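First up is the structure itself, then whatever we jot down about it.
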Amino acid sequence: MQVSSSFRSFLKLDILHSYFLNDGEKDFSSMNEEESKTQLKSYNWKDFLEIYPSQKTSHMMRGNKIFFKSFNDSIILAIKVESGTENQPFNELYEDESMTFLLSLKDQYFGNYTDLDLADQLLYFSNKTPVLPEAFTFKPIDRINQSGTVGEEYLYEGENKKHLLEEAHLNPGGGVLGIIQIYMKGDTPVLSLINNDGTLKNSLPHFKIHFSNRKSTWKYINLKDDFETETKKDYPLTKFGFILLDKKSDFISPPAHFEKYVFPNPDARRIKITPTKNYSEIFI
Amino acid sequence: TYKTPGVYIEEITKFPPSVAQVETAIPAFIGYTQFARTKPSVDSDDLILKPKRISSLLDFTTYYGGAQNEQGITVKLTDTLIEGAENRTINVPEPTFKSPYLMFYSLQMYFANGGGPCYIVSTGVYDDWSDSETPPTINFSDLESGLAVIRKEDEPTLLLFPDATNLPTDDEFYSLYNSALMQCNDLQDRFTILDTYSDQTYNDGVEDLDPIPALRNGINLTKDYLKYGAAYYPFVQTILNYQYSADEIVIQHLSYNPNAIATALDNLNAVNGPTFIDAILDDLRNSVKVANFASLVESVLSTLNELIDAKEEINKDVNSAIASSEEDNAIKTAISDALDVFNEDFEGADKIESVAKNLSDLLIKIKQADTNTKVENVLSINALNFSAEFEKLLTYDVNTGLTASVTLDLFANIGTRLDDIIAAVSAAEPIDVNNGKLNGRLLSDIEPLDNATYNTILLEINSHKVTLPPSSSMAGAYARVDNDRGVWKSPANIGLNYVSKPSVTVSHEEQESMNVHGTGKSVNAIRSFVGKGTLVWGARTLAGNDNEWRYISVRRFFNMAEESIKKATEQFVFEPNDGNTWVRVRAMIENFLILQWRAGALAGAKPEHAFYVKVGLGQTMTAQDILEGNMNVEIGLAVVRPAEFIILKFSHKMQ
Amino acid sequence: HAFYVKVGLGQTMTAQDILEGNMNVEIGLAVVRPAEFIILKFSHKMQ
Amino acid sequence: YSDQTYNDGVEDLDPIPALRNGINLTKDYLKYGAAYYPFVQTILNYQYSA
Amino acid sequence: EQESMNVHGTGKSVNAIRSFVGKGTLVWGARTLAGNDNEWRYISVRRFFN
């Protein structure tokens with residue numbers, strides 16, 4: 001009794017966040033190839049985010065022979081195909097089948113450094129327009145070659161939120177950041193996984209989610225000398241970069257003996273958030 | 001429901017429920033149901049072609065419904081005279097036209113024989129009969145759709161089709177089974193249970209065919225497919241009854257002294273008068289305020305209910321006149337038309353019946369309105385419907401102290417219409433020839449007329465039992481063996497539950513050609529043994545001459561082992577192909593096989609004699625496999641074989 | 001399986017709560033419900 | 001208020017229906033109490049002096 | 001009679017005191033004045049939470 005199998009890539013998703021990837025003012029999105037590789041070597045999305053399938057999704061994936069693999073910057077799904085070929089799924093797929101994955105957070109400081117107003121809202125991504133009880137606008141999960149970051153366009157509240165959580169059949173303990181839903185056939189050919197005859201596409205679909213970082217005014221407090229000073233413009237919070245402040249002109253009301261002082265960059269553990277400016281307090 | 005806390009007492013008749021079982025081999029059942037819904041309280045058939053897991057018969061019935069009522073039950077009463085004495089014959093034959101929907105009955109047998117949790121695929125719902133002698137059909141395309149659907153499920157191991165034998169041709173029957181065997185070979189982990197088309201010589205429209213020889217010609221696949229299934233013969237007689245309703249069974253009554261019309265006509269003459277409907281029609285045509293109002297509403301409601309009951313009595317007698325007027329169909333039409341028109345005042349055309357219903361619901365609400373507000377006691381009349389419903393009886397009675405302005409009214413069109421019915425019925429008095437008093441009546445309506453005849457008929461109806469193909473019982477029997485002894489034990493010498501007897505008798509000199517045959521297409525037998533009852537005798541596959549795969553237990557053991565091993569190797573789909581992987585893969589597989597050996601599945605003094613596993617460069621792989629990305633795993637197993645023949649030799653002792 | 005308790009920044013609180021001086025505590029409980037109606041069904045034994 | 005029909009000076013009221021109309025609060029309040037019916041006859045005497 | 005005390009369109013349930021043969025006077029029923037509430041209709045649930 002001989003038994004054989006063959007597996008091929010089905011879908012790729014790119015998971016990024018500026019807090020870990022940018023270097024001070026330098027934007028990851030504008031880096032060259034060597035610079036990009038260098039930053040990626042220190043990044044692992046699992047440091048802050050947890051991703052897993054719903055119970056129904058797991059059941060379906062077993063039935064259709066779909067597997068879930070992960071890498072420090074991405075997720076790849078793979079599917080069993082017929083022996084002798086590259087593009088015919090072993091089991092027939094239908095247009096309205098879908099997979100649902102849930103997002104949750106492990107990093108307690110996510111909300112301090114991530115520039116997104118998540119208060120009382122659900123974050124939702126998909127490749128097909130939903131049917132919800134109240135009027136809303138919709139944009140799909142962005143493709144790998146598109147610009148932009150996660151914003152308010154992906155947030156839901158009230159009845160629309162309630163509806164989506166119920167359809168996904170979520171656990172009473174909640175703790176969900178958001179929901180990702182991918183359909184075999186989406187709202188346009190470039191967002192679909194399969195062709196009209198069920199054949200896998202000949203160009204792997206490649207989607208992206210990218211979070212932006214928060215900026216703030218830095219305030220320096222010197223208790224022994226009894227003086228306070230602030231910077232003139234906001235600077236970004238990053239994990240690994242460094243901004244050098246060394247001119248009197250950089251500050252509002254700089255100290256008499258500025259030349260003898262050193263001004264450290266702030267952490268993202270404590271921050272004041274207001275409707276206008278954000279502030280970071282640093283003690284000398 | 002129930003409102004008062006406490007203990008309630010009810011009296012019912014049914015079979016006791018079975019004891020729930022533990023998961024074992026899981027069958028799938030593909031066929032027709034009555035509801036197919038996800039939420040019992042709504043009417044949407046959302047489960048069509050959506051496989052669902054069921055733990056017990058009780059769960060089946062809350063999503064899928066029960067059996068279809070049989071429409072083929074005939075009851076005939078003949079009244080004659082013997083030397084001037086009355087003589088009545090009651091005849092209730094076995095139905096010749098049966099409903100082709102066996103899913104419910106098959107599941108009862110499955111659970112009775114020890115089955116556990118299973119999958120149900122509903123391919124559609126039951127159709128109505130076209131006539132008393134024209135039953136619903138089975139659509140081949142629906143069964144193929146269900147088979148395609150089950151291909152995507154992981155858990156099922158056995159495939160069954162409860163109504164394959166009710167399919168219009170033998171050619172369609174055989175085609176469906178060939179597809180199931182092909183599915184099993186494509187997947188390499190399922191087994192098919194097969195039935196013959198019929199246990200009796202059946203006519204294909206050209207020739208008379210023997211059922212065992214016909215199956216052998218029908219299933220025309222090679223050994224690669226035949227090794228994945230087995231067949232059983234004959235069908236069995238069970239202890240289950242037919243489902244029916246007394247309200248659907250019409251009595252034929254013939255008599256030496258006809259009186260069907262005369263009786264109906266006399267009853268109608270009583271109907272068309274003041275003691276039946278004129279009195280009704282003449283009468284029909286803030287907490288204290290609510291109490292007074294509620295009393296007045298109840299009075300009207302009671303009066304309407306009497307008028308409604310009157311309609312029902314009329315239909316019951318007129319219909320016997322119609323049924324009995326066999327000759328002169330012109331009169332049957334005249335009677336029918338008169339009745340059809342009468343009914344329009346009560347039916348949806350102008351529905352007196354819904355007015356009465358609505359007033360009852362409104363009456364409860366107004367009495368309860370006092371619970372919390374003066375507002376409710378207003379809304380119930382002017383926001384809600386009390387005003388609107390009374391209007392449907394008299395459009396504007398309120399116009400004057402004496403009811404007036406009846407622009408429309410639901411009352412008293414009855415007078416003329418009753419006259420039309422009677423006149424039409426009376427036309428049949430010189431037409432009837434041989435129909436007696438009970439002709440055309442329902443069983444449920446004759447008990448008050450004659451409960452001796454009624455009780456006798458019911459006893460005769462319930463003497464008829466259900467007959468089924470043996471396949472759902474066998475899935476049950478497989479489950480018992482797998483749990484008590486293990487999958488490596490042959491599924492034979494097992495008694496069956498709820499079986500009276502096999503449909504036909506097979507002797508030991510007949511079974512020889514079922515067990516051993518030149519084609520290898522063995523058939524297992526169901527046989528009766530003295531002091532034991534009905535047993536499964538034989539356990540071979542459809543590739544019976546195969547030295548390796550002829551036994552069912554060997555094939556099933558291997559399918560089980562493959563499922564577990566496959567899961568063990570799938571964990572490495574995108575892992576590095578190197579020594580660290582090869583070692584982990586081997587260790588996982590060997591631990592599984594050691595446990596199977598410890599439990600007695602495999603032969604051998606020590607694991608070293610029971611099995612082997614080989615994985616790795618230089619053993620199963622070369623440089624070319626490393627380059628391509630292949631991983632090759634080789635496994636061998638020592639599997640135990642059964643005894644079939646015991647020979648006893650006798651002689652005299654010498655001394 | 002009986003209960004859960006959640007307290008803390010990132011679970012029940014945000015930066016705004018730290019600033020205001022709030023503490024948010026979330027609790028869930030699995031509570032047992034009574035039977036009210038007992039129904040006894042009788043029939044003749046078949047044999 | 002009473003287990004017998006009682007007269008409010010205008011109309012004769014049934015005690016269970018009257019309580020239902022009397023307590024006119026929403027669920028937020030109703031969830032904090034319960035009512036029992038009827039009154040009971042005990043074995044205690046009246047206090048008096050000869 | 002108890003049926004309309006226990007279940008009612010307004011949710012304003014009333015518990016009953018009843019006499020049983022061989023047992024004497026028993027408290028029969030334990031619901032709150034928000035009897036149609038899937039979460040708070042029972043007295044023991046409300047009291048446990050308090």
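Identifiers in the structure tokens: chain A, B, ... in order shown; residue index from 1 per chain; ligand index from 1 in order shown.
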Using only C-alpha atoms, which residues of chain A come within 12 Å of chain B, and what is the closest atom pair for each, with the distance in Å to one decimal? Give it as JSON lines, sorted by chain and residue number.
{"residue": "A:1", "atom": "CA", "partner": "B:188", "partner_atom": "CA", "distance": 9.2}
{"residue": "A:2", "atom": "CA", "partner": "B:188", "partner_atom": "CA", "distance": 9.7}
{"residue": "A:3", "atom": "CA", "partner": "B:188", "partner_atom": "CA", "distance": 8.2}
{"residue": "A:4", "atom": "CA", "partner": "B:632", "partner_atom": "CA", "distance": 9.6}
{"residue": "A:5", "atom": "CA", "partner": "B:630", "partner_atom": "CA", "distance": 9.9}
{"residue": "A:6", "atom": "CA", "partner": "B:573", "partner_atom": "CA", "distance": 9.3}
{"residue": "A:7", "atom": "CA", "partner": "B:573", "partner_atom": "CA", "distance": 7.7}
{"residue": "A:8", "atom": "CA", "partner": "B:573", "partner_atom": "CA", "distance": 9.9}
{"residue": "A:9", "atom": "CA", "partner": "B:574", "partner_atom": "CA", "distance": 10.2}
{"residue": "A:58", "atom": "CA", "partner": "B:154", "partner_atom": "CA", "distance": 11.6}
{"residue": "A:59", "atom": "CA", "partner": "B:154", "partner_atom": "CA", "distance": 8.6}
{"residue": "A:60", "atom": "CA", "partner": "B:153", "partner_atom": "CA", "distance": 8.2}
{"residue": "A:61", "atom": "CA", "partner": "B:152", "partner_atom": "CA", "distance": 9.9}
{"residue": "A:62", "atom": "CA", "partner": "B:154", "partner_atom": "CA", "distance": 6.9}
{"residue": "A:63", "atom": "CA", "partner": "B:153", "partner_atom": "CA", "distance": 5.1}
{"residue": "A:64", "atom": "CA", "partner": "B:152", "partner_atom": "CA", "distance": 6.1}
{"residue": "A:65", "atom": "CA", "partner": "B:152", "partner_atom": "CA", "distance": 9.1}
{"residue": "A:66", "atom": "CA", "partner": "B:570", "partner_atom": "CA", "distance": 11.0}
{"residue": "A:67", "atom": "CA", "partner": "B:573", "partner_atom": "CA", "distance": 8.5}
{"residue": "A:68", "atom": "CA", "partner": "B:574", "partner_atom": "CA", "distance": 10.0}
{"residue": "A:69", "atom": "CA", "partner": "B:574", "partner_atom": "CA", "distance": 7.8}
{"residue": "A:70", "atom": "CA", "partner": "B:574", "partner_atom": "CA", "distance": 10.1}
{"residue": "A:71", "atom": "CA", "partner": "B:574", "partner_atom": "CA", "distance": 11.4}
{"residue": "A:76", "atom": "CA", "partner": "B:574", "partner_atom": "CA", "distance": 10.4}
{"residue": "A:77", "atom": "CA", "partner": "B:574", "partner_atom": "CA", "distance": 10.7}
{"residue": "A:78", "atom": "CA", "partner": "B:573", "partner_atom": "CA", "distance": 9.1}
{"residue": "A:79", "atom": "CA", "partner": "B:573", "partner_atom": "CA", "distance": 10.2}
{"residue": "A:80", "atom": "CA", "partner": "B:573", "partner_atom": "CA", "distance": 10.2}
{"residue": "A:82", "atom": "CA", "partner": "B:186", "partner_atom": "CA", "distance": 10.8}
{"residue": "A:83", "atom": "CA", "partner": "B:186", "partner_atom": "CA", "distance": 11.6}
{"residue": "A:90", "atom": "CA", "partner": "B:152", "partner_atom": "CA", "distance": 10.1}
{"residue": "A:91", "atom": "CA", "partner": "B:152", "partner_atom": "CA", "distance": 6.9}
{"residue": "A:92", "atom": "CA", "partner": "B:152", "partner_atom": "CA", "distance": 8.5}
{"residue": "A:93", "atom": "CA", "partner": "B:152", "partner_atom": "CA", "distance": 9.6}
{"residue": "A:94", "atom": "CA", "partner": "B:149", "partner_atom": "CA", "distance": 11.4}
For this session: Find the residues in chain E near chain C: any atom within 12 Å counts, using only C-alpha atoms. Write them as a VMD selection string.
Result: chain E and resid 6 28 to 31 38 to 49
Sorted per-residue table, chain B near chain E, closest atoms and distance, 12 Å, only C-alpha atoms, as JSON lines:
{"residue": "B:1", "atom": "CA", "partner": "E:7", "partner_atom": "CA", "distance": 11.0}
{"residue": "B:2", "atom": "CA", "partner": "E:3", "partner_atom": "CA", "distance": 8.5}
{"residue": "B:3", "atom": "CA", "partner": "E:3", "partner_atom": "CA", "distance": 5.3}
{"residue": "B:4", "atom": "CA", "partner": "E:3", "partner_atom": "CA", "distance": 4.8}
{"residue": "B:5", "atom": "CA", "partner": "E:29", "partner_atom": "CA", "distance": 6.8}
{"residue": "B:6", "atom": "CA", "partner": "E:28", "partner_atom": "CA", "distance": 9.1}
{"residue": "B:364", "atom": "CA", "partner": "E:9", "partner_atom": "CA", "distance": 10.0}
{"residue": "B:365", "atom": "CA", "partner": "E:9", "partner_atom": "CA", "distance": 8.5}
{"residue": "B:366", "atom": "CA", "partner": "E:9", "partner_atom": "CA", "distance": 11.1}
{"residue": "B:367", "atom": "CA", "partner": "E:9", "partner_atom": "CA", "distance": 10.5}
{"residue": "B:368", "atom": "CA", "partner": "E:9", "partner_atom": "CA", "distance": 6.9}
{"residue": "B:369", "atom": "CA", "partner": "E:9", "partner_atom": "CA", "distance": 8.6}
{"residue": "B:370", "atom": "CA", "partner": "E:10", "partner_atom": "CA", "distance": 9.6}
{"residue": "B:371", "atom": "CA", "partner": "E:10", "partner_atom": "CA", "distance": 6.2}
{"residue": "B:372", "atom": "CA", "partner": "E:10", "partner_atom": "CA", "distance": 7.1}
{"residue": "B:373", "atom": "CA", "partner": "E:10", "partner_atom": "CA", "distance": 10.4}
{"residue": "B:376", "atom": "CA", "partner": "E:10", "partner_atom": "CA", "distance": 11.6}
Output N, CA and C atoms for every residue in that selection, as a PDB file, in the first residue's frame.
ATOM      1  N   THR B   1     -46.209  24.376  27.646  1.00  0.00           N
ATOM      2  CA  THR B   1     -45.221  24.321  28.716  1.00  0.00           C
ATOM      3  C   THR B   1     -45.880  24.110  30.061  1.00  0.00           C
ATOM      4  N   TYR B   2     -45.139  24.380  31.123  1.00  0.00           N
ATOM      5  CA  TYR B   2     -45.651  24.195  32.462  1.00  0.00           C
ATOM      6  C   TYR B   2     -45.446  25.494  33.220  1.00  0.00           C
ATOM      7  N   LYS B   3     -46.384  25.849  34.094  1.00  0.00           N
ATOM      8  CA  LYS B   3     -46.238  27.089  34.852  1.00  0.00           C
ATOM      9  C   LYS B   3     -46.113  26.899  36.356  1.00  0.00           C
ATOM     10  N   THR B   4     -46.941  26.045  36.931  1.00  0.00           N
ATOM     11  CA  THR B   4     -46.909  25.815  38.364  1.00  0.00           C
ATOM     12  C   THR B   4     -45.747  24.855  38.676  1.00  0.00           C
ATOM     13  N   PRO B   5     -44.865  25.134  39.653  1.00  0.00           N
ATOM     14  CA  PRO B   5     -43.807  24.237  40.088  1.00  0.00           C
ATOM     15  C   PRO B   5     -44.433  22.944  40.573  1.00  0.00           C
ATOM     16  N   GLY B   6     -43.797  21.803  40.336  1.00  0.00           N
ATOM     17  CA  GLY B   6     -44.399  20.568  40.810  1.00  0.00           C
ATOM     18  C   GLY B   6     -44.178  19.391  39.883  1.00  0.00           C
ATOM     19  N   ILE B 364     -56.941  37.691  26.346  1.00  0.00           N
ATOM     20  CA  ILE B 364     -55.969  37.427  27.393  1.00  0.00           C
ATOM     21  C   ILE B 364     -55.164  38.692  27.665  1.00  0.00           C
ATOM     22  N   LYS B 365     -54.690  39.361  26.606  1.00  0.00           N
ATOM     23  CA  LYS B 365     -53.895  40.564  26.795  1.00  0.00           C
ATOM     24  C   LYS B 365     -54.629  41.664  27.549  1.00  0.00           C
ATOM     25  N   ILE B 366     -55.922  41.875  27.283  1.00  0.00           N
ATOM     26  CA  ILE B 366     -56.562  42.959  28.011  1.00  0.00           C
ATOM     27  C   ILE B 366     -56.728  42.597  29.476  1.00  0.00           C
ATOM     28  N   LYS B 367     -57.045  41.341  29.791  1.00  0.00           N
ATOM     29  CA  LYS B 367     -57.166  40.972  31.194  1.00  0.00           C
ATOM     30  C   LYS B 367     -55.831  41.136  31.932  1.00  0.00           C
ATOM     31  N   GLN B 368     -54.716  40.830  31.252  1.00  0.00           N
ATOM     32  CA  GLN B 368     -53.403  40.982  31.871  1.00  0.00           C
ATOM     33  C   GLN B 368     -52.866  42.422  31.837  1.00  0.00           C
ATOM     34  N   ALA B 369     -53.448  43.305  31.014  1.00  0.00           N
ATOM     35  CA  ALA B 369     -53.021  44.705  30.865  1.00  0.00           C
ATOM     36  C   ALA B 369     -52.989  45.443  32.205  1.00  0.00           C
ATOM     37  N   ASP B 370     -53.937  45.093  33.084  1.00  0.00           N
ATOM     38  CA  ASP B 370     -54.070  45.640  34.433  1.00  0.00           C
ATOM     39  C   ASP B 370     -52.825  45.436  35.291  1.00  0.00           C
ATOM     40  N   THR B 371     -51.944  44.526  34.877  1.00  0.00           N
ATOM     41  CA  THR B 371     -50.716  44.236  35.585  1.00  0.00           C
ATOM     42  C   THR B 371     -49.915  45.499  35.784  1.00  0.00           C
ATOM     43  N   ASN B 372     -49.838  46.357  34.762  1.00  0.00           N
ATOM     44  CA  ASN B 372     -49.023  47.530  34.965  1.00  0.00           C
ATOM     45  C   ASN B 372     -49.438  48.883  34.366  1.00  0.00           C
ATOM     46  N   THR B 373     -50.497  48.997  33.543  1.00  0.00           N
ATOM     47  CA  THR B 373     -50.840  50.363  33.084  1.00  0.00           C
ATOM     48  C   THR B 373     -52.164  50.577  32.348  1.00  0.00           C
ATOM     49  N   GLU B 376     -52.135  50.222  28.534  1.00  0.00           N
ATOM     50  CA  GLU B 376     -52.332  48.925  27.909  1.00  0.00           C
ATOM     51  C   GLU B 376     -53.806  48.731  27.633  1.00  0.00           C
TER      52      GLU B 376
END
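Taking CA of residue 95 (chain A) as the reference point, CA of residue 186 (chain A) is found at 8.2 Å.
Within 8 Å of chain C, and using only C-alpha atoms, the residues found on chain B are residues 2, 5, 6, 7, 8, 9, 10, 11, 12, 13 and 14 of chain B.
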Residue selection dump (N, CA, C and O atoms) as an mmCIF file, in the first residue's frame:
data_model
loop_
_atom_site.group_PDB
_atom_site.id
_atom_site.type_symbol
_atom_site.label_atom_id
_atom_site.label_comp_id
_atom_site.auth_asym_id
_atom_site.auth_seq_id
_atom_site.Cartn_x
_atom_site.Cartn_y
_atom_site.Cartn_z
ATOM 1 N N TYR B 2 -45.139 24.380 31.123
ATOM 2 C CA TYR B 2 -45.651 24.195 32.462
ATOM 3 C C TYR B 2 -45.446 25.494 33.220
ATOM 4 O O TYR B 2 -44.441 26.170 33.019
ATOM 5 N N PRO B 5 -44.865 25.134 39.653
ATOM 6 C CA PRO B 5 -43.807 24.237 40.088
ATOM 7 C C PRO B 5 -44.433 22.944 40.573
ATOM 8 O O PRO B 5 -45.482 22.989 41.203
ATOM 9 N N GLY B 6 -43.797 21.803 40.336
ATOM 10 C CA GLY B 6 -44.399 20.568 40.810
ATOM 11 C C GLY B 6 -44.178 19.391 39.883
ATOM 12 O O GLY B 6 -43.357 19.435 38.968
ATOM 13 N N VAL B 7 -44.899 18.318 40.162
ATOM 14 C CA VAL B 7 -44.802 17.075 39.422
ATOM 15 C C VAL B 7 -46.008 16.870 38.523
ATOM 16 O O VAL B 7 -47.144 16.924 38.980
ATOM 17 N N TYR B 8 -45.750 16.628 37.250
ATOM 18 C CA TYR B 8 -46.797 16.414 36.267
ATOM 19 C C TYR B 8 -46.826 14.956 35.848
ATOM 20 O O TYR B 8 -45.788 14.299 35.821
ATOM 21 N N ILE B 9 -48.014 14.450 35.528
ATOM 22 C CA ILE B 9 -48.192 13.071 35.082
ATOM 23 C C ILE B 9 -48.816 12.980 33.707
ATOM 24 O O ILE B 9 -49.862 13.573 33.455
ATOM 25 N N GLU B 10 -48.175 12.222 32.823
ATOM 26 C CA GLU B 10 -48.646 12.029 31.460
ATOM 27 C C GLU B 10 -48.604 10.541 31.112
ATOM 28 O O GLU B 10 -47.771 9.807 31.639
ATOM 29 N N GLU B 11 -49.492 10.090 30.224
ATOM 30 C CA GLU B 11 -49.525 8.679 29.823
ATOM 31 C C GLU B 11 -49.287 8.500 28.332
ATOM 32 O O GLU B 11 -50.048 8.997 27.504
ATOM 33 N N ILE B 12 -48.189 7.828 28.006
ATOM 34 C CA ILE B 12 -47.751 7.620 26.628
ATOM 35 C C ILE B 12 -47.375 6.172 26.325
ATOM 36 O O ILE B 12 -47.165 5.384 27.243
ATOM 37 N N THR B 13 -47.244 5.845 25.037
ATOM 38 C CA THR B 13 -46.740 4.535 24.604
ATOM 39 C C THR B 13 -45.535 4.697 23.674
ATOM 40 O O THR B 13 -45.615 5.424 22.684
ATOM 41 N N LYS B 14 -44.424 4.019 23.979
ATOM 42 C CA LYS B 14 -43.224 4.083 23.138
ATOM 43 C C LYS B 14 -42.206 3.018 23.532
ATOM 44 O O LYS B 14 -42.333 2.400 24.586
#
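Taking CA of residue 58 (chain B) and CA of residue 498 (chain B) as endpoints, the distance between them is 18.3 Å.
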For this session: For chain D, report every residue with an atom at most 9 Å from chain E (counting only C-alpha atoms), formatted as number ranges by chain.
Result: D: 16, 20, 26-40
Please produce a file of those selected residues containing N, CA, C and O atoms, as an mmCIF file, in the first residue's frame.
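Ended up saving to result_38.cif:
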data_model
loop_
_atom_site.group_PDB
_atom_site.id
_atom_site.type_symbol
_atom_site.label_atom_id
_atom_site.label_comp_id
_atom_site.auth_asym_id
_atom_site.auth_seq_id
_atom_site.Cartn_x
_atom_site.Cartn_y
_atom_site.Cartn_z
ATOM 1 N N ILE D 16 -53.899 40.551 44.674
ATOM 2 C CA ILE D 16 -52.738 40.313 43.813
ATOM 3 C C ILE D 16 -52.607 41.297 42.641
ATOM 4 O O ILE D 16 -51.527 41.787 42.381
ATOM 5 N N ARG D 20 -49.625 44.432 41.816
ATOM 6 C CA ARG D 20 -48.951 44.555 40.540
ATOM 7 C C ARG D 20 -49.034 45.984 39.993
ATOM 8 O O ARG D 20 -48.054 46.495 39.436
ATOM 9 N N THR D 26 -39.255 49.910 37.303
ATOM 10 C CA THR D 26 -38.636 49.118 36.244
ATOM 11 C C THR D 26 -37.818 47.942 36.798
ATOM 12 O O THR D 26 -37.550 47.864 38.005
ATOM 13 N N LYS D 27 -37.347 47.065 35.899
ATOM 14 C CA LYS D 27 -36.581 45.863 36.271
ATOM 15 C C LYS D 27 -35.369 46.131 37.156
ATOM 16 O O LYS D 27 -35.035 45.316 38.022
ATOM 17 N N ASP D 28 -34.733 47.287 36.999
ATOM 18 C CA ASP D 28 -33.561 47.658 37.786
ATOM 19 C C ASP D 28 -33.844 47.662 39.281
ATOM 20 O O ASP D 28 -32.929 47.573 40.094
ATOM 21 N N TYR D 29 -35.104 47.810 39.646
ATOM 22 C CA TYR D 29 -35.520 47.847 41.025
ATOM 23 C C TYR D 29 -36.215 46.558 41.402
ATOM 24 O O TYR D 29 -35.999 46.013 42.480
ATOM 25 N N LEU D 30 -37.014 46.023 40.484
ATOM 26 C CA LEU D 30 -37.819 44.837 40.760
ATOM 27 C C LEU D 30 -36.952 43.629 41.093
ATOM 28 O O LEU D 30 -37.308 42.799 41.929
ATOM 29 N N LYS D 31 -35.773 43.560 40.497
ATOM 30 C CA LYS D 31 -34.837 42.478 40.761
ATOM 31 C C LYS D 31 -34.380 42.413 42.237
ATOM 32 O O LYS D 31 -33.784 41.420 42.644
ATOM 33 N N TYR D 32 -34.628 43.460 43.035
ATOM 34 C CA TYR D 32 -34.215 43.494 44.433
ATOM 35 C C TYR D 32 -35.275 43.100 45.449
ATOM 36 O O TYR D 32 -35.100 43.353 46.645
ATOM 37 N N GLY D 33 -36.348 42.463 45.015
ATOM 38 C CA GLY D 33 -37.306 42.004 46.003
ATOM 39 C C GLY D 33 -38.228 40.925 45.485
ATOM 40 O O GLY D 33 -38.247 40.599 44.291
ATOM 41 N N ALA D 34 -39.003 40.378 46.414
ATOM 42 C CA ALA D 34 -39.952 39.297 46.148
ATOM 43 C C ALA D 34 -41.162 39.426 47.050
ATOM 44 O O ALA D 34 -41.058 39.989 48.137
ATOM 45 N N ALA D 35 -42.294 38.880 46.609
ATOM 46 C CA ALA D 35 -43.524 38.938 47.384
ATOM 47 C C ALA D 35 -44.108 37.567 47.654
ATOM 48 O O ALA D 35 -43.980 36.661 46.824
ATOM 49 N N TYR D 36 -44.778 37.447 48.804
ATOM 50 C CA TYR D 36 -45.436 36.198 49.204
ATOM 51 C C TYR D 36 -46.926 36.377 49.512
ATOM 52 O O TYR D 36 -47.342 37.401 50.047
ATOM 53 N N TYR D 37 -47.706 35.342 49.222
ATOM 54 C CA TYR D 37 -49.147 35.309 49.450
ATOM 55 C C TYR D 37 -49.644 33.907 49.758
ATOM 56 O O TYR D 37 -49.117 32.949 49.202
ATOM 57 N N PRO D 38 -50.637 33.728 50.629
ATOM 58 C CA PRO D 38 -51.373 34.584 51.566
ATOM 59 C C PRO D 38 -50.754 34.728 52.959
ATOM 60 O O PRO D 38 -49.693 34.175 53.240
ATOM 61 N N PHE D 39 -51.488 35.420 53.836
ATOM 62 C CA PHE D 39 -51.227 35.607 55.269
ATOM 63 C C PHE D 39 -51.413 34.274 55.951
ATOM 64 O O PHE D 39 -52.024 33.364 55.377
ATOM 65 N N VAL D 40 -50.854 34.120 57.145
ATOM 66 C CA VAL D 40 -50.993 32.848 57.847
ATOM 67 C C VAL D 40 -51.610 32.966 59.228
ATOM 68 O O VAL D 40 -51.441 33.967 59.931
#
For this session: Pull out every residue of chain A that has at least one atom within 8 Å of chain C, counting only C-alpha atoms, and report them as a ChimeraX atom specification.
Result: /A:107-112,175,270-273
